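Structure data follow from target_14.cif (mmCIF, C-alpha atoms and all ligand atoms):
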```cif
data_work
#
loop_
_atom_site.label_atom_id
_atom_site.label_comp_id
_atom_site.auth_asym_id
_atom_site.auth_seq_id
_atom_site.Cartn_x
_atom_site.Cartn_y
_atom_site.Cartn_z
CA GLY A 416 82.09 -31.96 -75.83
CA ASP A 417 78.87 -33.89 -76.38
CA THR A 418 77.26 -34.81 -79.71
CA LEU A 419 74.01 -33.23 -80.91
CA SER A 420 73.23 -36.17 -83.22
CA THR A 421 74.74 -38.18 -86.08
CA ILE A 422 73.42 -37.94 -89.63
CA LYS A 423 74.03 -40.64 -92.21
CA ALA A 424 72.77 -38.36 -94.98
CA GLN A 425 69.88 -39.65 -97.07
CA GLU A 426 69.23 -39.47 -100.81
CA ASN A 427 69.02 -35.66 -100.74
CA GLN A 428 72.50 -34.82 -99.39
CA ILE A 429 73.94 -37.82 -101.24
CA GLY A 430 76.77 -37.58 -103.75
CA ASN A 431 76.51 -39.38 -107.09
CA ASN A 432 80.15 -39.25 -108.11
CA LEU A 433 83.32 -37.66 -106.80
CA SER A 434 86.43 -37.71 -108.96
CA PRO A 435 89.78 -37.46 -107.16
CA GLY A 436 90.63 -33.85 -106.40
CA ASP A 437 87.07 -32.73 -107.19
CA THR A 438 84.43 -31.70 -104.65
CA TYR A 439 80.70 -32.09 -104.13
CA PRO A 440 79.16 -29.82 -104.99
CA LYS A 441 81.76 -29.25 -107.71
CA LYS A 442 84.07 -26.26 -107.89
CA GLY A 443 81.55 -23.75 -109.23
CA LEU A 444 78.53 -24.10 -106.95
CA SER A 445 77.80 -23.20 -103.34
CA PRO A 446 77.74 -25.86 -100.59
CA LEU A 447 74.72 -28.13 -100.32
CA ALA A 448 72.24 -28.46 -97.44
CA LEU A 449 72.06 -31.22 -94.82
CA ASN A 450 68.61 -30.34 -93.48
CA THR A 451 67.30 -33.48 -91.72
CA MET A 452 68.37 -36.45 -89.57
CA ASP A 453 66.32 -39.61 -90.27
CA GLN A 454 66.25 -41.96 -93.26
CA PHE A 455 63.38 -40.23 -95.15
CA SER A 456 64.38 -36.50 -95.02
CA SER A 457 61.31 -35.33 -93.08
CA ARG A 458 62.46 -34.18 -89.62
CA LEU A 459 65.11 -31.49 -89.08
CA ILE A 460 67.93 -31.80 -86.53
CA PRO A 461 66.80 -30.69 -83.01
CA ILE A 462 68.52 -29.25 -79.89
CA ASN A 463 67.76 -28.73 -76.20
CA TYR A 464 66.42 -25.56 -74.63
CA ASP A 465 69.65 -24.77 -72.78
CA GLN A 466 71.44 -25.88 -75.94
CA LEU B 262 88.26 -84.14 -89.89
CA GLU B 263 86.81 -80.65 -90.27
CA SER B 264 86.54 -78.02 -92.98
CA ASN B 265 87.00 -75.30 -90.33
CA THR B 266 88.88 -76.57 -87.28
CA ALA B 267 88.60 -73.36 -85.26
CA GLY B 268 84.87 -73.18 -86.02
CA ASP B 269 85.08 -69.67 -87.49
CA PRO B 270 83.97 -69.14 -91.12
CA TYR B 271 87.56 -69.54 -92.37
CA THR B 272 88.98 -72.98 -93.13
CA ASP B 273 92.31 -74.29 -91.95
CA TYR B 274 94.08 -73.57 -95.22
CA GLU B 275 92.66 -70.05 -95.29
CA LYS B 276 93.92 -69.33 -91.79
CA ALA B 277 97.25 -71.09 -92.32
CA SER B 278 97.93 -69.53 -95.73
CA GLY B 279 97.01 -66.07 -94.49
CA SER B 280 94.82 -65.76 -97.59
CA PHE B 281 91.71 -64.06 -96.21
CA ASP B 282 90.78 -60.55 -95.07
CA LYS B 283 94.32 -59.40 -94.30
CA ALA B 284 93.18 -56.99 -91.58
CA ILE B 285 92.87 -59.99 -89.23
CA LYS B 286 95.49 -60.12 -86.48
CA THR B 287 98.28 -62.50 -87.37
CA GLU B 288 97.89 -65.01 -84.52
CA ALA B 289 94.44 -65.90 -85.89
CA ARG B 290 96.30 -67.58 -88.74
CA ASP B 291 96.64 -70.54 -86.34
CA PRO B 292 93.79 -72.99 -87.05
CA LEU B 293 93.07 -73.11 -83.32
CA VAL B 294 92.94 -69.35 -82.62
CA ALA B 295 89.45 -68.17 -83.49
CA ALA B 296 89.43 -65.26 -85.90
CA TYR B 297 86.65 -63.66 -83.96
CA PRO B 298 85.63 -60.07 -83.19
CA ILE B 299 84.89 -59.12 -79.60
CA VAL B 300 83.01 -55.82 -79.60
CA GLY B 301 81.94 -53.84 -76.56
CA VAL B 302 80.68 -50.25 -76.42
CA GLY B 303 81.91 -47.51 -74.10
CA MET B 304 79.90 -44.63 -72.68
CA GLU B 305 81.35 -41.14 -72.71
CA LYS B 306 78.51 -38.67 -72.15
CA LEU B 307 74.75 -38.43 -71.61
CA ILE B 308 72.44 -35.59 -72.67
CA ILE B 309 69.20 -34.90 -70.78
CA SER B 310 66.86 -32.83 -72.97
CA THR B 311 63.78 -31.98 -70.93
CA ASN B 312 60.63 -31.93 -73.04
CA CA C 501 90.81 -79.55 -91.16
#
```

Go through the file and emit its structure as structure tokens.
Amino acid sequence: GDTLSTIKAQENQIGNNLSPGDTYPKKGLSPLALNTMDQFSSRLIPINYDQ
Amino acid sequence: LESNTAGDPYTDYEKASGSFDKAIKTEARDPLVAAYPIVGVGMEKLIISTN
């Protein structure tokens, strides 16, 4: 029920433009990667031991 | 004798006319009702991650 963390994605997972009905990444590619949590894209998202 | 009677950033005309950010509740269109957000935060859970 709880929340691991909250990621306002940084410049890496950002999306330049998104036309209506389109997607990011667009229709042909595979999904992108949200790898980190802080505002510089250095530290990956952590969890507890019992988590 | 005041630009803004209520004291909030919106002047009496603005409040009276209803010509501002329309999301404001309608009673705040009275130049004596302060258009003024009151924000508190509620707790729902706490996570103890032993290091
Ligand atoms: Ca006035």

*What are the residues of chain B that have an atom within 9 Å of an atom of chain A, counting only C-alpha atoms, as a list in words?*
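Using only C-alpha atoms, chain B residues at most 9 Å from chain A: residues 305, 306, 307, 308, 309, 310, 311 and 312 of chain B.
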
Next, the residues of the selection above should be written as a PDB file, in the coordinates of the input with C-alpha atoms.
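Once everything was written out, this is again37.pdb:
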```
ATOM      1  CA  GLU B 305      81.350 -41.140 -72.710  1.00  0.00           C
ATOM      2  CA  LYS B 306      78.510 -38.670 -72.150  1.00  0.00           C
ATOM      3  CA  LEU B 307      74.750 -38.430 -71.610  1.00  0.00           C
ATOM      4  CA  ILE B 308      72.440 -35.590 -72.670  1.00  0.00           C
ATOM      5  CA  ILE B 309      69.200 -34.900 -70.780  1.00  0.00           C
ATOM      6  CA  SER B 310      66.860 -32.830 -72.970  1.00  0.00           C
ATOM      7  CA  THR B 311      63.780 -31.980 -70.930  1.00  0.00           C
ATOM      8  CA  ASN B 312      60.630 -31.930 -73.040  1.00  0.00           C
TER       9      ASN B 312
END
```

*When the cut-off is 8 Å and you count all atoms listed in the file, which residues lie near ligand CA 501 (chain C), shown as a ChimeraX atom specification?*
/B:262-266,272-274

How big is the axis-aligned box, and where does its centre sit, when it encloses all atoms of range 295-302 of chain B listed in the file and has 5 Å added on every side, reported in Å to one decimal as lines of an AutoDock Vina configuration file?
```
center_x = 85.1
center_y = -59.2
center_z = -81.2
size_x = 18.8
size_y = 27.9
size_z = 19.5
```

*Please provide as number ranges by chain all residues within 10 Å of residue 275 in chain B, with the sequence filter that same-chain residues fewer than 4 positions apart are discarded (counting all atoms listed in the file).*
B: 265, 270-271, 279-282, 290-292

*Point-to-point distance in Å for CA of residue 285 in chain B and CA of residue 298 in chain B*: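 The value is 9.4 Å.
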
_Residue contacts of range 444-459 of chain A (12 Å, all atoms listed in the file) excluding same-chain residues fewer than 2 positions away, as a PyMOL selection string_ = chain A and resi 419-430+438-442+461-462

*For the atom pair CA of residue 293 in chain B and CA of residue 267 in chain B, what is the interatomic distance in Å to one decimal place?*
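Separating CA of residue 293 in chain B from CA of residue 267 in chain B is a distance of 4.9 Å.
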
*In Å to one decimal, how far is CA of residue 460 in chain A from CA of residue 303 in chain B?*
24.4 Å
